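Notes follow once the structure below has been shown.
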There are 2 protein chains.
Amino acid sequence: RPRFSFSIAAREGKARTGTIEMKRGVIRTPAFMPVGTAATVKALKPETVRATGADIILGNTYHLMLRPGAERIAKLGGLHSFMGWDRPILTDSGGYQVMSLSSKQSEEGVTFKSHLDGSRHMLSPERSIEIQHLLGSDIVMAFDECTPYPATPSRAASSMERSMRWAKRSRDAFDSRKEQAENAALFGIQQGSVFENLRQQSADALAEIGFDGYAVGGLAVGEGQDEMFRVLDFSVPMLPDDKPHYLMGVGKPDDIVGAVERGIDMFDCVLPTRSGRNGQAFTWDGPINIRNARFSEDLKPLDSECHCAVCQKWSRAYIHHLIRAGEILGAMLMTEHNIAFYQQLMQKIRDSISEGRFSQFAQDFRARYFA
Amino acid sequence: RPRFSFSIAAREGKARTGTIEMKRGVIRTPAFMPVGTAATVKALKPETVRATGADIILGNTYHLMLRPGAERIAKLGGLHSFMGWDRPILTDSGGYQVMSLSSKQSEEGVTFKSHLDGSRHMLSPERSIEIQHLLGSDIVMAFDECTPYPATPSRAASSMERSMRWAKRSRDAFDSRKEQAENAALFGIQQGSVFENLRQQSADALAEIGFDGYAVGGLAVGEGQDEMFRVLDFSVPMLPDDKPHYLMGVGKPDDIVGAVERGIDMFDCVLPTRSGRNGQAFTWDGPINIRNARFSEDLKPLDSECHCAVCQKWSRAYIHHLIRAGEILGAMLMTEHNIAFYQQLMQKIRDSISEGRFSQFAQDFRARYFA
Ligand SMILES: CNc1nc2ccc(NC(=N)N)cc2[nH]1
Ligand SMILES: CNc1nc2ccc(NC(=N)N)cc2[nH]1
Ligand SMILES: [Cl-]
Ligand SMILES: [Cl-]
Ligand SMILES: [Zn+2]
Ligand SMILES: [Zn+2]
């Protein structure tokens with residue numbers, strides 16, 4: 001079993017489908033990664049996450065370093081053993097949460113106060129890589145400096161250029177740790193906001209360093225789908241074609257389809273889990289809010305085609321009751337269905353690309369989903 | 001498959017072990033019934049409830065008549081289909097929640113305002129039985145009038161005597177509904193508080209009417225274990241020996257053991273589910289609070305002997321993290337373990353009675369549990 005081997009089995013336009021082979025398992029691409037920020041995909045046992053079709057989940061350096069702690073997780077045997085997920089885990093590097101959740105930045109790194117208890121903590125390229133080593137991540141993200149949306153040209157350039165210097169420091173720290181370099185992979189993060197020249201400068205710097213995969217940062221932060229697709233149109237071709245392309249934080253089903261049409265291979269977002277707990281269920285006819293009174297006596301499953309265990313066993317009417325009553329089983333069932341729906345979407349994307357009918361799939365998907 | 005057949009396979013002192021055969025399955029006794037007040041055992045799929053060893057669960061007339069509604073559940077196919085539990089369900093009649101949760105009593109019945117939205121509702125012996133018919137309950141409880149603890153002799157007698165008249169009305173309403181009389185069972189509820197003469201009067205009235213089983217009401221309401229055991233000492237022998245004896249709302253593991261020693265066959269309580277969500281895990285060495293800092297790096301399972309799936313797969317340290325983080329999976333894992341622990345306790349009770357070593361089991365259990 002290889003450390004990291006990406007193979008493209010089929011193409012259609014800019015879209016690709018294939019596999020990433022890693023020591024802990026195969027990742028089918030395009031892939032959707034359920035988010036497991038606090039060492040759990042919310043409301044699901046790991047076996048249920050696997051049963052939905054997920055090949056890999058996402059963890060977070062920032063959250064786990066605060067609770068329960070990186071050294072503690074390593075002492076307990078690593079993140080895989082701790083949470084009971086034995087397949088690949090990608091960990092974000094913490095740069096986004098430093099901006100979004102915490103409350104001093106320099107070239108060396110960043111010091112910050114935890115949002116949970118105000119205790120002071122430090123992150124740097126070297127410390128982020130070390131934390132991801134302690135967690136035992138399979139895909140390690142380079143540590144970057146993020147800037148809020150909407151970013152001015154000056155702030156976008158400044159954070160991107162520092163991110164590129166930090167990408168080289170992340171590369172060197174990873175390569176210095178033998179066990180990490182032999183068993184994990186390292187992805188760089190392209191920045192530059194909506195500005196084509198900065199995206200190009202960022203892509204050039206990352207390719208010169210060399211990574212196992214390339215993420216597109218700085219999207220899914222409020223820009224809207226038209227603008228995101230515009231940025232992807234020019235940004236993805238700048239990345240090495242022969243390595244995976246990971247769009248961080250995306251997204252809604254239609255966002256995923258359009259991003260695949262633009263060359264993206266990997267995705268993560270909290271939408272299926274978080275909005276599931278809030279009562280939103282994804283269906284091939286668009287999302288529904290199960291709390292709506294129209295579902296109070298609806299005996300049909302959440303989605304009429306979905307193969308998930310929830311749709312085999314429980315009605316909309318029951319799940320409507322559970323969510324309106326605040327019952328934990330409502331969160332469990334909505335989340336399992338939504339994650340299974342996302343995996344079925346990815347499976348349909350992969351099959352349609354492999355069969356050379358992805359264009360028609362995307363058209364049919366949109367016509368029905370937005371009808 | 002019979003409507004209702006109780007068979008005692010073995011005895012030791014006042015303790016009994018055996019089976020209740022019903023159309024939807026066999027109930028091994030002494031039995032513990034997980035509580036599923038809102039058409040769910042909190043945080044567990046029904047298949048997980050079954051995997052812990054539960055033969056029967058408890059639902060509630062008062063809660064289900066308010067949300068989602070009894071006629072609605074019947075229109076949707078009954079409670080079993082609605083929640084996905086195909087085995088026996090016992091439903092309490094609502095008399096306790098009218099007292100404990102709602103906010104006018106007469107000989108006919110009771111009118112009350114819902115605790116959820118203040119809407120007005122009515123309950124009576126006839127309406128309670130009808131609601132339990134609409135739900136499709138397998139074991140129907142007679143509708144009683146409860147009085148708060150501690151009850152004066154006057155209030156205990158008054159509520160008991162009305163309860164006995166309402167027990168006859170419950171019997172007649174059940175017998176008038178052919179489908180119910182042919183497929184379900186009906187239990188009476190002995191009242192009389194801590195007063196031996198009232199317990200005797202109540203037992204005499206219930207036996208004259210005749211029921212499939214006899215519950216002991218009015219305990220687990222604050223009286224303490226010594227007093228409860230004292231009341232059981234004289235109350236249980238008053239009930240027909242050849243029918244099941246159901247102690248409502250009990251209880252802690254040691255309460256269950258002592259009640260079995262006094263002739264009780266069936267139990268229900270929210271303790272394993274509710275306290276599980278709050279961080280209390282049951283072990284053979286007594287309860288632990290998993291949130292305590294001493295468990296932060298403990299790799300052992302919740303209990304060293306427990307056969308449940310949680311103890312096969314996750315450490316105390318992980319569950320400690322989950323509960324302290326407010327994660328739903330923490331509630332799921334704690335609840336599964338606690339319900340499995342309760343079922344393993346019942347299995348050890350049943351086996352020890354069948355083998356004529358229940359006295360020694362109870363002594364060994366207490367010496368270790370309270371060490
Ligand atoms: C919620 N949206 C969302 N977009 C993202 C882009 C990037 C990152 N992380 C990173 N640059 N280390 C996280 C994101 N989260
Ligand atoms: C929580 N304790 C607790 N003791 C109980 C006794 C009786 C009942 N119900 C009834 N008489 N219809 C419920 C109980 N709940
Ligand atoms: Cl989430
Ligand atoms: Cl509960
Ligand atoms: Zn489904
Ligand atoms: Zn266990």
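Just so we're on the same page: letters track the sequence lines, and every chain starts at 1.
- Proximity to chain A (any heavy atom under 4.5 Å) is restricted, for B:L299, to the side chain, taken from C-beta onward.
- Between the side chain of B:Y318 and the main chain of A:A39, a donor-acceptor pair closer than 3.5 Å is present.
- Here the side chains of B:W314 and A:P46 are in contact, with some heavy-atom distance below 4.5 Å.
- Other residues, nucleotides and ligands place no more than 12 heavy atoms under 6.0 Å from the NZ atom of A:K75.
- Here the closest non-hydrogen pair linking A:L76 and B:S296 is CD1-O, 4.0 Å.
- The CD1 atom of B:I328 sits 8.5 Å away from the OG1 atom of A:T40 when rounded to the nearest 0.5 Å.
- Here A:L329 is the residue among A:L322, A:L44, A:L329, A:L333 with the most heavy-atom pairs under 4.5 Å with chain B.
- Among all heavy-atom pairs drawn from A:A38 and B:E327, the shortest one is CB-OE2, 3.6 Å.
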Any chance you could lay out the side-chain contact (heavy atoms from CB on, under 4.5 Å) test for B:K313 and A:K45, step after step, and finish with the verdict? CA-CA 11 Å; B:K313 290 178 204 44; A:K45 287 180 180 176; over 6 Å; no
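- Judged purely by atom type and a 3.5 angstrom limit, A:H321 has no side-chain atom pairing as donor or acceptor with the backbone of B:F82.
- Nearest heavy-atom pair, A:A43 versus B:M332, reported as atom, atom and distance to 0.1 Å: O-SD, 3.5 Å.
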